[PDB]
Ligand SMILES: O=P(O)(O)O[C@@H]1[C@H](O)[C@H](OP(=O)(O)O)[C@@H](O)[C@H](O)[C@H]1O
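Consider the single chain below, provided in structure tokens and representing the form solved without this ligand.
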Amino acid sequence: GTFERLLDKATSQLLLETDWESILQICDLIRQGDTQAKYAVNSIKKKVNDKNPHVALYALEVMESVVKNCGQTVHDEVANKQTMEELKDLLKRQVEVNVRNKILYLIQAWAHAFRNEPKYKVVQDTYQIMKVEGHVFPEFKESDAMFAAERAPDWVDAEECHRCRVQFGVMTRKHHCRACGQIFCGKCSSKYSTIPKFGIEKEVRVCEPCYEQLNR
């Protein structure tokens, strides 16, 4: 029950300012895998759509933080067509300027944050649409779009290659994919890539599926 208690606490109409303690605990729960991102983001979205603009604004601040801090598992839940449509709709019916302004702030911030990720293009597409419709965005600060690097996965040991199942031995050395942490023979891990999301800016060994996910 902790995620839910905290979300309630963070979006209380009693608050005079952002409850950073509760927000950062919510971020930690998602990063640690204690709370699933889809459920978390769905729960926050329910609050974003509240008729009370204080609740909606506080919920948008929770959304801002989970996106900034929680990595791809959360980005997958916001940088999609369903969410962009819901925010376009919300922005169109919202009569409260601070909620409106925050939606614009976030769309702009995310569109810049996601500029290297083709799977997330719908956010930049939505930004451009909104500008054509006449929305005046707040001035952009680089700081808005600077997200926390994610933690690279721990490496797995095993007796055989994760892909081809060859047995490791003297003539078949163990290697690891830096992107997923699984264990491979050399034949199955002969690709090299940067991994920006983990702050890896040198080309490091990856498996073939990770290589293709990374080099779209």
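Residue numbers run from 1 along the displayed sequence.
One more form of this protein exists, namely the form solved in complex with this ligand; it is left out here, but the text below deals with it.
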This ligand in the entry with it bound: contacting segment from 63-71, 168-176, 48-56, 29-37, heavy atom within 4.5 Å: 168-176
Is residue 9 one of the residues lying within 4.5 Å of this ligand in the entry with it bound, judged by heavy atom distances? no
Distance check, residue 205 to this ligand in the entry with it bound, heavy atom within 4.5 Å: yes
Heavy atom contacts to this ligand in the entry with it bound at 4.5 Å, residues of 142-160 in sequence order: 155
Please find the hinge residue among 160, 147, 82, 56, where one rigid part turns relative to the other between this form and the one not shown. 147
Over in the other structure, so in the entry with it bound, do residue 69 and residue 193 pull closer or drift farther apart at the C-alpha level? The difference is 3 angstroms or more. farther
Answer with closer or farther for the CA-CA spacing of residue 139 and residue 149 in the entry with it bound compared to the shown form; it moves by 3 Å or more. closer
